[PDB]
Structures are given as C-alpha cells and as structure tokens.
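Protein chains in written order, with the authors' numbering: chain D, 2 to 294, 302 to 388; chain C, 2 to 389; chain E, 2 to 294, 302 to 389; chain F, 2 to 294, 299 to 389.
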Amino acid sequence: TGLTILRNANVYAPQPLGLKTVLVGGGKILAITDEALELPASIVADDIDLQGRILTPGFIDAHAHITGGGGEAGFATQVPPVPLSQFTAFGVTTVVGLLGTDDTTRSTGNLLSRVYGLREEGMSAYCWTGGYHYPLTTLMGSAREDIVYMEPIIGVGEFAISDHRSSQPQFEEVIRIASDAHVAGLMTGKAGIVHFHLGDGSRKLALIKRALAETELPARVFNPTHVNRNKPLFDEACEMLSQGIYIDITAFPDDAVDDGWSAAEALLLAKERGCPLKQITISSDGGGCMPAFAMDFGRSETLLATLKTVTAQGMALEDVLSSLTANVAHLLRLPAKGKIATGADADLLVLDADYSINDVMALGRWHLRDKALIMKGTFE
Amino acid sequence: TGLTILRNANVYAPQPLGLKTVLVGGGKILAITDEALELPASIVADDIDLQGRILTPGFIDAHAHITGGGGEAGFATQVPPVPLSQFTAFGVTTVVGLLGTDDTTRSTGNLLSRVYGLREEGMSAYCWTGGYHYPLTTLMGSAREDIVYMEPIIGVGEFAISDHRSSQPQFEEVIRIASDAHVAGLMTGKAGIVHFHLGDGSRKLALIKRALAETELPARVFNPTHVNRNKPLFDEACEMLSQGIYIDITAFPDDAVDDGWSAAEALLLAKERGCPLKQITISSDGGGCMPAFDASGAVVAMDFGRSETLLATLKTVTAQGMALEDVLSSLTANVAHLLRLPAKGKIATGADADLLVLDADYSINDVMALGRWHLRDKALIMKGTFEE
Amino acid sequence: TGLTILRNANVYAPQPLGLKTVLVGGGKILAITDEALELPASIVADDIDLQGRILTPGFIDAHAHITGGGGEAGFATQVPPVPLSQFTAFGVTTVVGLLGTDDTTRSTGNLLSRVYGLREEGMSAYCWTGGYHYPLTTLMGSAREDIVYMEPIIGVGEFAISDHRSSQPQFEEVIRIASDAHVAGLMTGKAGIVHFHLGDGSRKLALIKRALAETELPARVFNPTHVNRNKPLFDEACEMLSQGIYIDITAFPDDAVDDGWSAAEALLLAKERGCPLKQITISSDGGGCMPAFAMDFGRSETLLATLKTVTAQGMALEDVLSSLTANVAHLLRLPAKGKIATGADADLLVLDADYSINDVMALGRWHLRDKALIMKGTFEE
Amino acid sequence: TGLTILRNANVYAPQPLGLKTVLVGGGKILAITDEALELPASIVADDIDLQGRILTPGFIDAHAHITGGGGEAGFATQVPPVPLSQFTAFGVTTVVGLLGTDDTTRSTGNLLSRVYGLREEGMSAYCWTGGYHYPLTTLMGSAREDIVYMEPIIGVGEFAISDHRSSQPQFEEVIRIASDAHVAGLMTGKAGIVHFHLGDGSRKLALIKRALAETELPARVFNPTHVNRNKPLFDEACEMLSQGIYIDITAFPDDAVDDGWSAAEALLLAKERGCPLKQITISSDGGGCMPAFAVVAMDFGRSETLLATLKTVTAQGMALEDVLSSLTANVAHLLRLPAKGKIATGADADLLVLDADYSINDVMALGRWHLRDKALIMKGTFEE
Ligand SMILES: [Zn+2]
Ligand SMILES: [Zn+2]
Ligand SMILES: [Zn+2]
Ligand SMILES: [Zn+2]
Ligand SMILES: [Zn+2]
Ligand SMILES: [Zn+2]
Ligand SMILES: [Zn+2]
Ligand SMILES: [Zn+2]
C-alpha cells in the first residue's frame, strides 16, 4: 500500500553513485536523492536505514529452464519446474525461460504458462520461443508470430549450433530464423535476438561469422551462450566482440567446468584481454540437468558465487554486477530492469560487505528480509 | 517521475467518500486520506488543490471497435482505427476492443496489435476474441487458447444472437463457446465471459435462458449487450437480472435510438423497476459505423460512434435525479467487477491511477491514465502518434 | 539378480489365503506354497521371515495427476510432477495418470513422457488420453489412435460431465468417444473405457443412463469417478451398479469432503446397502490441486488412511483391499496386477498389525524396507 | 509356471563359458553356475539335461519385412506377413521390422501393429520408422516423435542411398534425419540410429563419409546394410569401420549374391583383413521379395540364411563365438537392447540349443519353448 524508504543505501546502479535515499512505491523507484526525505508516517509502509550497505538491481538470469530441463538421458531425467525461491533467494528478480534439448515432450505452452505462474507469484519472467531443434517449437505457427503477439516472448532460443544434439542447421536456416527474430523485435520493442546454445563442435561460431560477413543483420541479433565451455570457443567469442555481438558466459558449478573456464575465470580473462565488458553477460542455466560421474539440476546460486569469486580477485563490483544486470537489460531491451534509476521497476538486492544477499525486493515487495524468505512459491 | 498529490478531492470511488487527499505515484493510487499530507517539494511533480471538485475513476468502455468497425454496407464504410484522444478526451482510460459484423477482412491480429498500440500510447486496453460469426475468428486455433495465452484477451465477443447478420448459432454451439471462455477465465483470473450482440429478433435472449436452465455455467458468463435496442428485449434483460446475468446498455446517440430506449432512459427505467443496478453496465460502441439521414430518410453522410455518449448519458440521468454514484458505477466499478479487472474502476489504494476531475455540471476537466495527465484544464497533453 | 523368498506371509491375495511361502524372481511371483522351500544359498538374494505379517498386492491408483494438476485458479496453481516416493512410500506400485481441468497448457506428450519416467524409476504406470474437455487432447489425431498404438494408454479420461468446467458435452459426442475407447480396448486387450469426472451438476449420471438405455455399449465402458462428492450423486451411482457400471470413489482428505462422503464413509455405506463391492474402486486424485479456506496437492497417503478407517469400523481387510487392487486390475484389464498369484508381477506390501506399511516391493525390487526408502525419484533428496 | 533348469549347457554367451547350469524364471536368466542346483520339485516346471549341447542367445534379426515386403514389380508381388514360426524355427527370438521400397501402400501403423502381433504370440519385436523414401513415412508427424513416444520404434530405416529406387536424398536431408534419430535415442535409451539401404550406385557411402567428416554426430548413428552386395562397396564399408560405424551384412541366399559376397564370404574376408568384428552384424532381409530366374517364379527371404551362414563360416575355421556375436551381442550392443544377445543373469531367456553340426534343436523365447527336439510347440495364430 504505502511508500518504502531506503536510507543511506550505498547505491550500485550498477555504477557506484554513493549514499542515497531511495523511495519505492507502486512497484517502481520514485526517487534517488541526497536529501534525508521527511514523509508523513501515515503513507510509509517501511522506513529502513541500510546504514551504508550496498543496494543493487536484482539479477536478470536470461538462461533458465523454468519448466525444468533434462530428458537427455532417459525420461526419468526430466527436471521439475524451478520453485520461485530458487530464483529470488539467489537475487534473481527477472528470469528468461527456455526449452533445451527436450523441445519434443515440452512445448512453448508449458514454458509460457510457467512464465505467467512466476509473474503471479511476484517475480518478473520472459521466455525464448523456438527451442533447440529445427523446425522450431513455437506456440503459434512461427517464431515471428510468437514474438509479435505474446508479450513475454522476446526472441528465439536456445537454438543449438556446433553440437551433436543440434539439428545440423544450415546457414540459410539460421539467417532466416535471425531475420524473423529481428523483425519481430523491431515491431514490438523487444530483444529481437537468437540465443544460440554452443556445443564443443570444432566449427565453433562459423555460422555466426558467415552471417556477420554476408548479411545486413545487426551483430547484436547473434547471441552465443556457453562460450566458456572450451578455450578455443571462448577465444573466438572474445575476438567477435569487436564485431558487436554480445556473449553469454555460463556460471557452471566447479564440477561441470571440464576443459573450459568457470564464469569467474572467463570474465577475469575478458577484462585482462581488454574486451568490451558491456557486451558480456552471465547466466546460470538454472533447472538444467547436472549429472555426477547421481543426478541434480543447475541453480541461480552460481551467479552470486561468481560475483564473490571475481571481486575477491580484485575486479570492481560494478564490472561483474553489470554482467548480471544492466548489460542483460540493454541487450534484451528491458528498460525497466537492470538499473537503479527513477521510473525503473523496484527490483533491488541489499548486500552485506562480503556481497552475501541480506534482502531481495521484487516489484516493490520483500521476498527475502534479513536472509529469511518472506514470500515463496505456491507449493514450497 | 515524482509524486502527484490531489488535495481536497470530492471522491466518488465511485461511492461518495467525501473530501480526501489522493496521492499518486508509479502509476498507482498510493494513499487516500483525510490528512493534509506534507511532502518534500523535491519528490512532488504536481501539487494540485481540487478545492472540492469531484474525482472519479476513469471510464471502462467494454464495447469499442478500436480497429474501426463498419464494412456492413460496402468496403468504403470501413471505419479508421479510433485515435487515442477519441477515448481519453471523453474520460475513457480503459477500452475493451472487439470485431463486429466484419470479422472476415479484420482479424484478431489486427485487434490485438491495436490493443498494444493503445497501451504504448499510455491508456489501458483489452480485447474480446472470436467476433460475431461462427466459426469464431481467433488468433490461435481456438478461443480457449487465445484467452489462456494472450494476456489482453479476456473473453469471447461480440457474438451475435437474434440478428439477421448472425451465423444462426445453435444452443449446443453457444454453450460450447461459453464453456471455453469460462474455463480460460478460471485458468487466468480474467473475465472468462461471452459478450453477446443482440439484434431485433423476436427470440430475444431465448438461447441464454436455455443455457441458464440446462447448464451449470454461472449466469455472469452470459453478458448480452444492446439490450436497450427494443423494449421487449429490454424487459426480458431486466427480468433475467434476478438470475445473476450482467446486462450492457449501449449509449446510442439520440438519432439511432429508433424503437428502443436511450442508455439514459434504460438506466432510469431499471432503477424505477428496482433492478440490481450493480449488474448493469453502459458502453459506447465507439468506432461503430454511424449513418446520417436527411428529412426524406435518404443516407446523406457517414460518421462513427464516439465514447462522448458515456458522459452525455451520465449528465442526462443525473439531471433526472439519479445519484452520480449509480450511473458512475455502470461506467466504472460494475464493469471492473464483471471483467475481473481489480486494478480498474475504483479510487482505492493499490488501484491504477486512472482518474477524472469533473466540473460541477460533470464536464470533464482533467483525465489521468496510469498516473499521467492526458487532459489538463480541457487541453490535450498526450495524443495518438498520428493525431494533429 | 537372485530369488527373494518371503516365509510365513499372511497372504491377502487380496482374498485371505492364510500363511504361505512366496517366491519372487525375474520381477514375478514364481510360487505361493505351504512348503518351507529349501533353496541353494547361491541363487537367493533375500531370505525373509515375515513372521505372520500381512502380505498384500501393491495398490493401483487409477486417478493421479502424475504431471501435477491444478492451473484452475491461476497459472501459479500448476502442481509440480509427483515424485516416485509420493506413490511407492504409500503402497502405490501402479499409477494411471491423467490430465484434468488444464488440458490446454498440459499435453498428452507431457503425460506419456512422465509415465515412461516413472517406469524408468521402477514403478508401473499407465495413462488416460483425451482429458477433460471436447475436443479431446490426444498425442495422435484421435483417442482411438492413441489407445491402439501407445501401449501405456488404456482409455479416455478424465472426461468431465455435470460440471461448470465441462465442455457441456452432448449425448452424441459422449457415445462416439465411448465407442472409440471400447473398439481400441477390444483391438489391444486394454481397458477400453471412459473415466468420467463428475461435478456437482444436478443432471448427475443422466448422460450415462441414456448411453446404457439407447446403445449396445457394455456398461463397464462408463466409469464415473468422484461419485462420493455429493450425496444425491452417490445414491444414483450405487443404484446404477445393478446395470453393471464400475464406480470410482475418491479418497478426499477430511477437509475437502464438503457436502459428500469420505471414501471410507462411502464404501461402508455401499456395503450396508448390499451394493456389489467388486464394482467399486478407490483412487486418491494424487497431484490434484487442494485449496485451503493456502495451496497443497492430493497424496496417495489417503488410500491406506481409508483402509485403516473402514477396517476400524468392522469392514473385512479383503473388501477394502480389493477396491485398491483386484477390482481396479479387473476393470482396467491388467492381468499381471492387483493379485498375489503365480505369474503376476511382484508388486507387494508388507503391513504391520495396525495396517501401517512396513515394506513395498515393485517388480521384485524393494522400494521401502522397514519404513526406510531404498529407492527414490531421480531428483528426490 | 515356476522355474526351468538347464543342466550341462555348453554355454556360448556368445563367448565360450564352458559347462554351466542355467536357471530360468519369470522370462529371465536367474543364474548361470558351476553348481548342480538342487531345487524343490514343486517349483520346477522343467528339469532338462542338455548333455553338453551348445546353448546360445537367440538371434536378433535387425532387418526383416515383418509385414511382408515386395510390391517392387507389381501389386501381386506384395509378400504376406511373415508367420511367427518363420522366425522362431530359424533361431530368431527378436526381430526388428522395417518398410522397404513400398512405403506408399504400407504404413508405419501396419508395421507397428505387426510388432504388437508378434509380441502377443510370444517373441520380441521392434521396428524402424521412416522407411526408404523422403519425405519419411512415420506414424506421428515426424521420426523424432515416433522414436520418442512409441516404445518399439528404435530408429529410422531402411533409408535408401546410392540406389535408383532412392529419393536421391541430399547431404543436408540425411544429417537432419540422423540428428532426429540420435536425439530421440538419447532421450529414450534406444538405438537412435539410421539404418541405410545401400544400392549398387558408384557413390557408395559418400553421404556417410561427408556426415562423419563435417558433423559432430557419433559414427554409430550411420548404419549401412547390404554392404556385401558389391565388392567395391564392401571394401569401402570395411575401411570405414576404423571411424566407428557398424556395418550390416545381408545373408542373401546363394542365387541372389550376383557380383557381391555371401554373408559367409564377407565375414571371413573381414576377419582375414583384421577388421573389428564387434562392429559387424548379419541380418536376413526375411519377408523381402526374392525373384527366381527370364523372371520365372517368386519367393520371399527367410531367416534360415542366418544359421546357414554360421554353418558355412564355422566349416571354414571361424570360431563359433565370432559369427554368433554378429547375430547376437553385436546387434544388442548397437541397438541398445541390454536384455538381448547375451547369456547373462538378468537378461531375457531367449536361448537356442544347437546340435554338434550347429542345427537348431530347441528355441526358447522369454522363458517359453517355441521349438523342442526340432518340433514346433508354439506357432502363429493362423499357422496350420
Ligand atoms: Zn545449452
Ligand atoms: Zn541449457
Ligand atoms: Zn453489436
Ligand atoms: Zn458493435
Ligand atoms: Zn482429478
Ligand atoms: Zn476430477
Ligand atoms: Zn530390404
Ligand atoms: Zn534394402
């Protein structure tokens, strides 16, 4: 009902702004000021002194199996849907859902209905249409119709290249899909991009290199993920940043890194190479199936773990925080997200000085307060 | 994006609350209080003393051809899409769009894309899927899929019964459509109703009477409109209020009333009969094709329906002694209740900041949609992309 | 891969057979004997003295939302898939999955793929095609194709009648669906029936009465469930048992009973009225959305709770056990299930004297042993 | 029923294990032991002394027209469905059915329904979806859906390349089909491979060579059959074994060999060249149309050529386990049938008892005798 006032917030917007008073109401950031705002008590829901603790935008996890992934090694490996608290307790206030390898038994209707479920439970959610294989799995007859007509659908993903599980897509198929995503993006104001799953194939980003050389499509339309899964792929991804693509680094748990880089190592290496960090995002692959050589699934907890690892190695908080917030909102054309700015959505984290999460606000409501869950999923 | 404070508002919520201070921010009503709120000037965009002038919710016009209607007497009669200001200048802050007789050349994609256009221009908009004829015109393969998956699609309409332009729908077809709308409504929290176009056919509401007698579908699922177009239909509509249906009265211009009641006469008559007015709504049929006649009855000119008839209706019934809150509810809270729009139709904390400021004669002075002024001292501050 | 021998089992098959030795191997019941079998130690995996404890068939829960149900009051009410142990720990060794009210966002491919997941994890699973609404939700173009070509698909359900959430199906639509299920059943040897969701509509079982009066379709094809949800419906369901239909009673938790009967009350009342109990089954509606006036979901735990309630009120164990085992296997044409008989699947419960479950065997493997889970779902912790 | 005990079995599993007692029950192999098991008579259905006769796994014939093939030279050449005994009497306890050249009048529904018919009659049966031509003949809208949702459907076949009767498939079409079979295989635990019909076209295995060089698809996904039909094709198939493909040799009758190798000659030649025999399978093309020569008379392929091949190569000095593996364990390994192709505890009780000359004396399928002392105990519903 009322206003929420956050006093002495050490604001990372994600760029450091210093101490501010932050006023929240109607699910929005209404003011960011040096002034010690004096308000009538009758209209204030919560008056909180953060006493110089860090305030950041909520994380945007743009690669999550919100329905659960798996199904790649038997039907029993179908992962259950990710409960609300497995996003919010880890600082994820916006998720972008996708289908992966199983786009056969799982449908775009499964995915979009779970987006609406997470929205009803008080977080923000979008999704990718099309999935992994060709022809694309869509709700309507085509990806272009899905993106034009369904507000939460922002692009095509995660479409597999250079992977034994791909549909062995041809150049002509890839640039047609990209053209449909791009046109739908222009018509709607949404991301109009193709989120590509990369495997360990030695062709790496060859299809995207050819698209950038031969077509007029803007480079931002080609968005490869898991680029840290092997070192030659990561090198090729870093080189292609100069052509204007955005690259997505996956926060693998330490077990699953194999012959590649952790998200932490990859981001530190991109910084050391002088890569444009504003073109680099990190995602968790939450709900993705995680085999042990027992069976588990990916968690959004690796995003904060990554942030702690790189900051402990001397990276500035704002550099890694941007890869989880403003950079994702910029690529995905989410102007209300990824920023502490007046008029933006009140999706906010309060961090301790070691960057542990103390509080999580989504759309102006506390989900986590003093490390305790206040709001949880319907069935948690 | 500061706060807006409206001081000394005579609040019709739509029920009269007396004088209040109303605080708006983030597109929402943040407070309604007796307190003379003192706020820091640095966070206040607008501090307005209404000095006891009436504040109401914005009107919800649940029957409008947002794409334009017509096409019923030649292709030249296709009405252009209704510009933003032809809603907002008349106090309409939420519209529900539909296709009418022409659901052949016009598509659900035309309709839904215009909903998104009106939302981008700063008003609120929803639509009906299915249209007028059988089989239904939908975006996906079925009405149930449209209502489940497309947030702005709230139900089926305007589906024609008792009209020479209908598809002569059978009872079994009607209750199947109603079942699909109802189930989709339960799944989504949306209206989940069938908005029925009534014509002058003497069968009147017989298909709805049969549905209420023979099925378990709740009465609110069957929502007839234009019930004032002839007197026997209006009498049957009033009688069926006791079974729990909502009825929609159309604010025809005075020319187009023919052998029926104006919206004003129909609402006054429902009140005189002791009908439950909370089950009665008024809509404009804006963007509907409006033929103009000479003294000889020859078709001379063509115009389209306007949302201006809603306020004209409110002025007419209040001049005849109806309480402002009774007619205002028929444009606001009753529509929001039937259509399950909990953010709309009410001056209540947490609701959308869709507000009208009225003069003493109930002329609109100011119109706010989602916390932004569209009309201020009778001047347009915000207009459609292509308005001049 | 040895033999398992269960000595001194007090066998309810589900009919009481007395004390027996039961031999299990290759997932099957190989012998039921008075003999104290002496076997070479080298081929015996497990030699267990049950010391006179009750041995029953595993329960067949023929009405479960294995994918999760809900979605009837907002997308947030989509129930997660039921984990393996939420069947096996409650004595359910065979489940028949279905879609309910949400047969729009959920597909037959969702349902059938979860059947295969539960089979991979070591229980037995089947499903109903078609769902709740008309037209039917199927994997192939028609229910008849689904039942003919997909081994686990046994019939059509749960198809809604006398309910505000139904598709307001017409008699002609219902008997066409029934004819397709019946023909597919004859071609395949499978159930070939229509499992009908009943609501609180006052028309009750009128469409089924009309089908029995006007068509040649056998009565067993028309299988109404939730018949205990209101008392006039339950009375009509009991009267129609004399025409040869089977009725399914839902084991609602005590909160959700409203103006109807608990499964326990309904089964005791059917027995008191002299109804043919072999035509009565009980199911849990596991994974179904359960509102509090908070949100929870249905559990297979109500089946054993029902068995304890009716036995405490004087019903013979074999009467209620048949409603969970042999009666379901008979109606659904599952000849390997619902019975302790040689050649049948080794799906077995060991009960304490108060009928608490001590051990659960599915296809010859222990899932529960001395009330500890030995086998669990892929993602259970 | 209770337990069956087979005493003094000379076990080829298919590798030689020596003399064993084999215990069967519930359709499974429950024990393989040196112990002379003593069991209570009340639980024993059958106590059989094999007297040192050879015991092998049942043959897996992974290329059979279970519906009948033919239709390539007029409608009258449609072969009738193969009766149960025309598998079991020849030692075939598992068959994998397919459509061939006529995937126009014959459907995947014909094929899958005959799989279920053979299962009802007590043998094991699977099938290939898609058939010979492009676009594919499937039950559902796609091969990937067929393999994901229909338990008996294990892959795509028999898809024609280098043949005048092919659909002239392009590289891009072939690798798309292979990707769909592979992904469906991973999702289900099933074979997930493309079984390719090879003709006499001089392009031979060019499309598969290109797939192995240009894609990440595992080599095992590309499974060419009839590789013995001409000598240059057979040489190319043998060379590609080093890239990890499995190759299927067809047991043509002696008449039909033309300018190629018999299965026997092909397997002996692969052994002489030091090829990895575990990557080589033999299939009969049972139910395939067999014209007799001017075209004078018409017959159909029989599973009898599998055992004839085994007798031919063993008479030329090949070890029984080498050729037996090509009919049993190698097929079960490629097709991901862990219950088949092996005498191992927990496996299906699909067993052959052979005489000293390797003639079949007894055939057990899923623990039941189909053939006992060379007499049929079980036959098809309509066999007389
Ligand atoms: Zn991926
Ligand atoms: Zn992934
Ligand atoms: Zn109308
Ligand atoms: Zn109209
Ligand atoms: Zn149910
Ligand atoms: Zn139900
Ligand atoms: Zn062939
Ligand atoms: Zn061939």
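A virtual CB, placed ideally from N, CA and C, is assigned to each residue, including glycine.
Task: Neighbour list for residue 43 of chain F in chain E, Cβ cutoff strictly below 9 Å - done: Counting from 1 along the fourth sequence, the entry for residue 43 of chain F is found at position 42. Simply 32, 34, 36 and 38.
TODO: Can you list the residues near ligand 1, meaning Cβ strictly closer than 6 Å to any non-hydrogen atom, in the order they appear in the chain?
DONE: D/101, D/159, D/198 and D/227
TODO: Express the C-alpha separation of residue 225 of chain D and residue 273 of chain D in angstroms, rounding to a whole number.
DONE: As a working mapping, residue 273 of chain D is identified with position 272 in the first sequence. As a working mapping, residue 225 of chain D is identified with position 224 in the first sequence. Straight-line Cα distance between these residues: approximately 21 Å.
Open item on the list: Spatial neighbours of residue 319 of chain C within its chain, please: C-beta separation below 7 Å, excluding the five flanking residues on both sides.
Closed with: Stepping through the second sequence from its first residue, residue 319 of chain C is reached at position 318. Excluding sequence neighbours, residue 319 of chain C sits near 325, 328 and 363.
Open item on the list: Applying the 10 Å Cβ sphere with the 16-neighbour rule, what's the burial state of residue 322 of chain D?
Closed with: Numbered from its first residue, the first sequence carries residue 322 of chain D at position 314. Exposed, since its Cβ has fewer than 16 Cβ neighbours within 10 Å.
- [ ] Enumerate in chain order the residues of its own chain whose CB-to-CB distance from residue 122 of chain D is below 6 Å, with the five nearest sequence positions on each side excluded.
- [x] Translated into positions along the first sequence, residue 122 of chain D becomes position 121. Around residue 122 of chain D: 85 and 385.
Open item on the list: Assuming residue 118 of chain F is part of the beta strand (DSSP E), what are its boundary residues?
Closed with: Here residue 118 of chain F refers to the residue found at position 117 of the fourth sequence. Taken as a continuous stretch (DSSP letters only), residue 118 of chain F belongs to no beta strand (DSSP E), being part of the alpha helix (DSSP H) at 109-121.
Open item on the list: Beta carbons nearer than 7 Å to chain E: which residues of the segment 216-228 of chain C have them?
Closed with: Correct list: 216, 217, 218 and 219.
TODO: Leaving aside the five residues before and after residue 315 of chain C along the sequence, list all residues of the same chain whose C-beta is less than 8 Å from its C-beta, in chain order.
DONE: If you number the second sequence from 1, residue 315 of chain C lands on position 314. Closer than 8 Å at Cβ, skipping near neighbours: 325, 328, 329, 332 and 363.
TODO: Grab the span of the beta strand (DSSP E) containing residue 127 of chain E for me, first residue to last.
DONE: Position 126 of the third sequence, counting from 1, holds the residue named residue 127 of chain E. Here the beta strand (DSSP E) through residue 127 of chain E covers 125-131.
Open item on the list: When you compare the CB positions of residue 95 of chain F and residue 143 of chain F, do they come within less than 7 Å of one another, or not?
Closed with: As a position in the fourth sequence, residue 95 of chain F is number 94, starting the count at 1. As a position in the fourth sequence, residue 143 of chain F is number 142, starting the count at 1. No. Outside cutoff.
TODO: Output yes or no for whether 7 Å exceeds the beta carbon distance between residue 134 of chain C and residue 288 of chain C.
DONE: In the second sequence, residue 134 of chain C corresponds to position 133, counting from 1. In the second sequence, residue 288 of chain C corresponds to position 287, counting from 1. Cβ atoms of residue 134 of chain C and residue 288 of chain C: not closer than 7 Å.
Task: residue 288 of chain E: contacting residues in chain C (beta-carbon distance under 7 Å) - done: Counted from its first residue, the third sequence places residue 288 of chain E at position 287. Counting only Cβ-Cβ distances below 7 Å, residue 288 of chain E has no contacts in chain C at all, with the closest Cβ about 17 Å away.
Open item on the list: Within 8 Å, do at least three Cβ pairs link the segment 355-372 of chain F to the segment 50-57 of chain F?
Closed with: yes
Open item on the list: At the level of alpha carbons, what is the spacing between residue 154 of chain C and residue 102 of chain F?
Closed with: Here the question's residue 154 of chain C lines up with position 153 in the second sequence. Here the question's residue 102 of chain F lines up with position 101 in the fourth sequence. Distance from the CA of residue 154 of chain C to the CA of residue 102 of chain F, rounded to the nearest whole angstrom, comes to 51 Å.
Open item on the list: Counting C-beta neighbours from all protein chains within 10 Å, is the total for residue 165 of chain F 16 or more, i.e. buried, or is it exposed?
Closed with: In the fourth sequence, counting from the first residue as 1, residue 165 of chain F sits at position 164. Burial call: exposed.
Open item on the list: Nearer than 6 Å: is that true of the beta carbon of residue 322 of chain F relative to any heavy atom of ligand 7?
Closed with: Walking along the fourth sequence from the start, residue 322 of chain F turns up at place 317. Result no, Cβ not under 6 Å from ligand 7.
Open item on the list: Taking 7 Å as the limit between beta carbons, can you name the residues of its chain near residue 34 of chain C, skipping five residues before and five after?
Closed with: Here residue 34 of chain C is taken as the residue at index 33 of the second sequence, counted from 1. Hits under 7 Å: 21 and 22.
TODO: Consider the C-beta atom of residue 289 of chain D and the heavy atoms of ligand 2; say whether any pair is separated by less than 6 Å.
DONE: As a first step, residue 289 of chain D must be located in the first sequence, where it is residue number 288. Within the cutoff, so yes.
Open item on the list: Is the separation between the beta-carbon of residue 105 of chain D and that of residue 149 of chain F shorter than 7 Å?
Closed with: As a working mapping, residue 105 of chain D is identified with position 104 in the first sequence. As a working mapping, residue 149 of chain F is identified with position 148 in the fourth sequence. Contact flag set, yes.
TODO: State the Cα-Cα distance for the pair residue 205 of chain E and residue 161 of chain D, rounded to the nearest angstrom.
DONE: Sequence index remark: in the third sequence, residue 205 of chain E carries index 204 (1-based). Sequence index remark: in the first sequence, residue 161 of chain D carries index 160 (1-based). Cα-Cα distance, rounded: 52 Å.
- [ ] Quickly, what does DSSP pair residue 73 of chain F with across the bridge? List them, please.
- [x] By 1-based counting over the fourth sequence, the position of residue 73 of chain F is 72. F/75.
Task: Where the segment 131-149 of chain E meets chain F: residues whose CB sits under 7 Å from a CB there - done: Under the 7 Å Cβ criterion, the segment 131-149 of chain E contributes 140 and 141.
- [ ] Please confirm if residue 244 of chain D has its CB atom under 7 Å from at least one CB of chain F.
- [x] The residue labelled residue 244 of chain D in the question sits at position 243 within the first sequence. No, its Cβ sits nowhere closer than 7 Å to a Cβ of chain F.
Open item on the list: If you measure between the beta carbons of residue 118 of chain D and residue 76 of chain E, is that distance less than 7 Å?
Closed with: Your numbering for residue 118 of chain D matches position 117 in the first sequence. Your numbering for residue 76 of chain E matches position 75 in the third sequence. In this structure, residue 76 of chain E lies closer than 7 Å to residue 118 of chain D by Cβ.
Open item on the list: Is it buried or exposed, residue 87 of chain F, if we count other Cβ atoms within 10 angstroms and call 16 or more buried?
Closed with: Against the fourth sequence, residue 87 of chain F aligns to sequence position 86. Residue 87 of chain F comes out buried.
Task: Cβ of residue 184 of chain C within 7 Å of any chain E Cβ - done: One-based indexing of the second sequence puts residue 184 of chain C at position 183. Yes, residue 184 of chain C counts as interfacial toward chain E.
TODO: Answer with yes or no whether the minimum CB distance from residue 86 of chain D to chain E is below 7 Å.
DONE: Your numbering for residue 86 of chain D matches position 85 in the first sequence. For residue 86 of chain D, the answer is no, since every Cβ of chain E falls outside 7 Å of its Cβ.
Task: Among E/245, E/232, E/190 and E/231, nearest to residue 209 of chain E - alpha-carbon criterion - done: As a first step, residue 209 of chain E is located in the third sequence; it is residue number 208 there, counting from the start. Residue E/245 is the option with its Cα nearest to residue 209 of chain E.
Task: Under 7 Å (Cβ pairs) to chain E, residues found in the segment 346-358 of chain F - done: 350 and 351
Open item on the list: Using beta carbons (cut-off 7 Å, strictly below), is residue 114 of chain D in contact with chain E?
Closed with: Mapped onto the first sequence, residue 114 of chain D falls at position 113. Answer yes: the Cβ-Cβ gap between residue 114 of chain D and chain E drops below 7 Å somewhere.
TODO: Quick one: grab the DSSP three-state call for residue 62 of chain E.
DONE: Sequence index remark: in the third sequence, residue 62 of chain E carries index 61 (1-based). It is a strand residue.
Task: Contacting residues, own chain, Cβ-Cβ under 6 Å from residue 63 of chain C (five flanking each side not counted) - done: Residue 63 of chain C sits at position 62 when you count from the first residue of the second sequence. These residues qualify, in order along the chain: 97, 284 and 336.
TODO: Using the Cα positions of residue 168 of chain D and residue 170 of chain F, report the straight-line distance between them to the nearest angstrom.
DONE: Against the first sequence, residue 168 of chain D aligns to sequence position 167. Against the fourth sequence, residue 170 of chain F aligns to sequence position 169. When rounded, the distance between both Cα atoms is 17 Å.
Task: 8 Å Cβ cut-off: residues of chain E touching residue 342 of chain C - done: Sequence index remark: in the second sequence, residue 342 of chain C carries index 341 (1-based). By Cβ distance, chain E contributes nothing, its closest Cβ being about 15 Å from residue 342 of chain C, past 8 Å.
Open item on the list: Closer than 9 Å between beta carbons: that is the criterion. Which residues of the segment 150-173 of chain D meet it against chain C?
Closed with: 150, 151, 152 and 153
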